[PDB]
Amino acid sequence: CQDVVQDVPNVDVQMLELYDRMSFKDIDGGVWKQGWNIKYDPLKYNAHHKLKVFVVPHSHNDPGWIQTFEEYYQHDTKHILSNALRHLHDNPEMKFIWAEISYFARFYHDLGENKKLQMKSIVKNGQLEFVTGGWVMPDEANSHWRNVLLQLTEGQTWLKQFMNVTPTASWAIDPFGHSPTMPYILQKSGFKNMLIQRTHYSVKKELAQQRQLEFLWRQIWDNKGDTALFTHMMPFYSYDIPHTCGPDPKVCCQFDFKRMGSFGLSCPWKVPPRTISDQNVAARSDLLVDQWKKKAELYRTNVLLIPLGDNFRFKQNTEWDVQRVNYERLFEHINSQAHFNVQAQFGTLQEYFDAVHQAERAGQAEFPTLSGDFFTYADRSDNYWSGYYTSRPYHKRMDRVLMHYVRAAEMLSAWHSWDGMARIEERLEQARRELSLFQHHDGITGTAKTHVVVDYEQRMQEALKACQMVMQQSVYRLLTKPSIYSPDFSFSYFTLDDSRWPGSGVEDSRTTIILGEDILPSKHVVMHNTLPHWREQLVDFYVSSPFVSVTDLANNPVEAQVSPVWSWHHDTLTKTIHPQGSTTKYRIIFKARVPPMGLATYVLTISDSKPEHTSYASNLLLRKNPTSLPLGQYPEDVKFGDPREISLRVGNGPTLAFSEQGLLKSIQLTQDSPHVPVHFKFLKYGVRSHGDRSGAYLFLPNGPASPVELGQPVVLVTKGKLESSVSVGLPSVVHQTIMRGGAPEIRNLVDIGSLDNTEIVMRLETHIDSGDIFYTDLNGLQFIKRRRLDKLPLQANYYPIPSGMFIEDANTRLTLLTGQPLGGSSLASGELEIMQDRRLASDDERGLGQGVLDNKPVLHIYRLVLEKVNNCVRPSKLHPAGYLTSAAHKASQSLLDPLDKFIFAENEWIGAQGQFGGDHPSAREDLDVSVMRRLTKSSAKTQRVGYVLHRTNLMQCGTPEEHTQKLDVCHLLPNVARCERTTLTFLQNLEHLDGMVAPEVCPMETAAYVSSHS
Ligand SMILES: *[C@H]1O[C@H](CO)[C@@H](O)[C@H](O)[C@H]1NC(C)=O
Ligand SMILES: [Zn+2]
């Protein structure tokens, strides 16, 4: 295995190093506004060395943005695809590329058989080519790598089944900045090439000057280069026709033949296209070939890519004709005029890349190596697209909840083969497709119109219900004596209980377990653990009495804690935000211990008085002018006091101190150790009163953030043996710090209300001497080093925080893990900050046509890990990556893949069993079974189950941490007949494995395996 820590890769371009050296000056470069006046030697091309030009027609189709998926399908996309089928069928030399399989599958299934056959023929013959082949073209900033792989697999599995093709070239022309997670997944999924477009204009200029726009993009930790994927970065400001023929848009716009009047389009540079004729073709060709030869100067081979397309293009039959016939007249002239030394034709993306690599093999070019990412994007001036790292945060959090429910539903149901009447495959395909659709670069990004956001939300709610159905049918089957199991596939044997989604204060969605001597004395509950190691975690349920005790199924008592159910109210009469306790519902909390990829059953039983193994939390309400807070049968009376500082410690864990405003002020790791300053603070950013305004995409603050004025907030302290917490009602945020014996959990119930033109940020202030360095993750997969640059504006220093961020010095590290993607930064040494929500009244001129005024309450979740790192083996100061410690990684897993909780619905569960998975191997802590999916339906004689195995890399800090078992996924199901290593989409077999054993993977590697069972 390669060492991902100690060997700094030697690459030609390392983006952090490039950023440190670049000046980012925004000067007027002439017609290429953000470049320079390109010059070329006319003698470079001649009869023995011609410029080969591939004009690649395309149409950018968004699966929701200004209209919903279905509205665009009906108004635009079905017509584009119907006319592409007709025009390509009738014009053999015409070509077209297509990226979004969600739309193509919607179209293809509605075609009659004759047309399905014509479509398969134009694909098989190379006229219509799929590029990437994912369900969508995903956002690359906020998306989790597991969901980028899920959507890629959904689209490619459909293409293999119906079209018999698997794309090996990727096309990503619209995500707002680009992540190395894409080549990581694509290279492990059979790809050979990829193309990107939205990168900072200063980066395009710098790389163009060195002819480094084509490069072998490897991961930041890859010393050998085996992760490398050839990448083509487009050079100009847009993928539209005016910015794809060459450097001068006033000229290129004349070659977009849809802009002459009858289509309602024109050229803003004021020179319209003119129909090509025999009297003007020489002058028009002279202008176009000049643009092409200028573009060619920015690249190393004699093969040139010229995209020809824009948003929802190629819709009307007359548009297909006007573009095709005019370009055909230009090609016939150009190709017959030797003095141009050009051979131009319509082509596909794969044809371009195959010709580039033929040139490379002929020794005509060598390409530079590159590592790093392409965030944060700016398309012009100081307009940095860091706002969408936070926009519509409710849905960003929903993404992560659904991510986990899809994994858990696919894994729980994979253990058995199911009859078709159970509708398991149907519900899982619906859930995978709605979560996949939301990965779109106007979905999770929060950049769609309000009614489109509602459509994505409704689709995801249906997907969550589908996952719940599959999960509860699977738990009932896995834990019921076989000869007793009698399923009704439409019945709810269990209901899921989720404590953090939508969350307390967001929706009252949880069911109370109703017990009583005259109705039901006890209730079975079941926990699932999707991770491949034994895991303990506190779990809580609402119960109708405080006198409840817990047992495992062998009837062994389990220690439990009961606390009140507290809800916060914005009291419009007293004008204060304060908590109310329930006098008939209570929370019971206990530690569940669950096998690897397994289930564990417990029983909750009511008694007439305080049970021996259940304790009760104390509660203290700090505020001036308190009023009583009765709690029904709860056995401990609420105490009151004036605001004051307080300290809490649960178990042997850290001791946390809080200010009189209920905000953390210090963390003391052990009895002996020091009280380290760690202060939470809430601040607000505003919007500029003149100049450009922040909107869904852009973050354009009117200077550094200002502190939220807190007043004298109400603080609630709950102290228990198993769990303690401090909660405070601040303006727009109920902020909660929860302690269970390890790193605290932070929950913010964020309701920005009607505060227009405001972005609320949560900042941590420490005295850690981090300087200008901080680390943020990319897609939940890797941590990359960031350097704050005072030569760039504040918004350029904001990066996506898809799952975590940290700062450190020689001795101390503070890591904040997140349960949802948000934007953040470290704007000064010792600080971390992360945006909570943003409400903007203005549109930011990128096409959305509205501000962001549809905010709703969201419960954000986090874990805060302060650690000593002086003993850790860390990368050298020149390495571009960082790595988590064991405790930080486990804290991230506690947020993203918590235990699932099921409450048995009926009064009695006949045939109930206590555990499932006790014999499953408990794998080393850095290994995860990211995906477990049965790939065959019940009628297949040979069953197949696919697994994606991911190993992260954790720092070595001196903990012996030992005894774990080897995990061989190919032997998790019995009767194994074959084990194969496959691409990550499961679509191609790469290796037949000896002994039917699937090896574990190396740190930072991901592999897929498929086991076959007789
Ligand atoms: C397409 O798939 C392979 C090449 O990928 C080809 O040999 C096969 O005949 C085609 N279609 C079928 C029958 O799978
Ligand atoms: Zn788009």
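Heavy atoms only: backbone and side chains are in, while hydrogens, waters and symmetry mates are out. Atoms within a ligand are numbered from 1 in the order they appear, just like the ligands themselves. All residue numbers in this chain count up from 1 along the given sequence.
Atom OD1 is the N, O or S atom of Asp62 at the shortest distance from the Zn ion (ligand 2). Note on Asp174: its N/O/S atom closest to the Zn ion (ligand 2) is OD2.
Between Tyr103 and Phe69, the ring planes lie parallel to each other; the angle is under 30°, not in the 30° to 60° tilted range.
Distances from atom 1 (C) of ligand 1 to the protein include at least one heavy-atom value under 4.0 Å. Not a single protein heavy atom sits closer than 4.0 Å to atom 9 (O) of ligand 1.
At least one N, O or S atom of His60 sits under 2.8 Å from the Zn ion (ligand 2).
For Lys856 and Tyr394, the positive end sits near the middle of the six-membered ring, less than 6.0 Å away and at most 45° from its axis.
Other residues, nucleotides and ligands contribute more than 12 heavy atoms inside 6.0 Å of the NE2 atom of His357.
Note: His200 and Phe375 fail the aromatic proximity criterion, with ring centroids not under 6.0 Å apart.
At least one N or O atom of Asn164, backbone or side chain, sits closer than 3.5 Å to an N or O atom of ligand 1.
Of the listed residues (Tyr201, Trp385, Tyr384), just one forms a side-chain hydrogen bond (donor to acceptor under 3.5 Å, both in side chains) with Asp379, and that residue is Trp385.
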